[PDB]
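Presented as structure tokens, the chain that follows is alone, the form deposited in one PDB entry.
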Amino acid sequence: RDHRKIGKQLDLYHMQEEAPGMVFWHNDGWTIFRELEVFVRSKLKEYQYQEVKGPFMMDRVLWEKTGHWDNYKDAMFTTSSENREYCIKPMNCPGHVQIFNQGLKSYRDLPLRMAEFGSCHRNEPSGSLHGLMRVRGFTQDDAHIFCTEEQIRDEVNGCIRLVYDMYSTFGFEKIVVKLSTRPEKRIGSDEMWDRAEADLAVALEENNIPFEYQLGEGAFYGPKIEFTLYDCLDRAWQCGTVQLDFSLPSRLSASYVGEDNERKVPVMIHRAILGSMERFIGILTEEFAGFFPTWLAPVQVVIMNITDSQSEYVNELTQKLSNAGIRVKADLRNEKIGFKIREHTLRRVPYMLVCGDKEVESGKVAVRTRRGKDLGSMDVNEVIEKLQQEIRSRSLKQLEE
């Protein structure tokens, strides 16, 4: 249940001292990451988020205006060009605001939801670095919603649904939500805060969620709610956040023309579901103990032969399965069949398709799983259909149950 151990065993990634806290993603691990990306993008489509890409670094003046120079300075990597200082972005928010600021906005453009897979770098102390979980370089499932006050509640409700949606896909249904309210001194009026906090609380109660209050624990720039998922070992992972920000749009001069034809400053909401996607991959790796749901599995199927008499057939099948959109490898080496089955079982390949002479003759495949199950002889097209359903549904469970 160490994601580093499992990571090494499955050849997912590795890290080096020449890049502390920075992941080298191998093919398989990167495949997992990319499937994560695909899922998130399906959610972005469904929930109507734009997807953008911000610049890797921006001028120091900008990060002064945002407040990062004051409150983020030690965490930021600085580099320079032509007598100008630049910070490598710890956060994607200012870039998103910069994109928002291009072109005149009106209320008709709101709510505006803007998402990115944001590459962030934070100069974390080397001694605090652990695996995929505490890192220097990472990617957030980051987004920002620009809306009217009147929209806030609805949008919050939208985020809440998204959270419980996404977590549910991974089999985390035990979730604790904490609402952090105003500190003694804050940006924004008492009224704005009453409205926002009430929006959060009501949004939660409409979803029937018994949230816990953290009183006075909100940031100076806004109130927030945070989502903590419990894994199979019942250990808590704080992942998702919905955070109101009154500081950012004002400092970056974001505005829109109201329905009353006057200048308004947009309400801004930071939202993330997974948080660091690397960290989330670690969490999943430990939750599943290396058995990834077939949709997330780097290699979904391994087709093997007894002798070379089946080699050809195997190859055929392989191409076929690859054409059907399945990640499939052929294992042709001369080794005993049990040998192959054991090796790929330890690699946590969801399905192993064995081809002997009878399979070739009958145009079938003998189906086995990493759980040690014999699924018996099966029609190839049937197998492809079932695998395609398992993947498309992102089912947590394999065949036969």
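We call the rigid core whatever largest set of C-alpha positions still superposes within 1.5 Å between the two forms. From 1 onward, residues are counted along the sequence shown. Only residues modelled in both forms are compared.
Look at the mean CA B-factor for 178-186 and for 114-122 in the entry; the higher one is 178-186.
In this entry, 334-342 has the higher mean Cα B-factor, the comparison being between 46-54 and 334-342. Comparing the listed residues 61, 360, 349, 38, the entry records the largest Cα B-factor for 360. Sorting 234, 286, 142, 226 by the CA temperature factor given in the entry leaves 234 at the top. Per-chain ranking of the deposited C-alpha B factor places residue 80 in the middle third. Among all modelled residues in its chain, residue 96 ranks in the lowest third by Cα B-factor. For residue 158, the recorded CA temperature factor ranks within the middle third of the chain's modelled residues. When the CA B factors of the chain's modelled residues are split into thirds, the value for residue 213 lands in the middle one.
In the deposited entry, the Cα temperature factor of residue 244 places it in the lowest third of its chain's modelled residues.
A second form of this protein, the form deposited in another entry, is not displayed here; the remarks below concern that form.
Summarising the superposition on the core between the shown form and the other one, the listed residues 187, 129, 257, 289 contain exactly one with a Cα shift of 2 Å or larger, 187. Superposition on the rigid core leaves 179-224 as the sole run of at least three consecutive shared residues whose Cα positions differ by 2 Å or more between the shown form and the other one.
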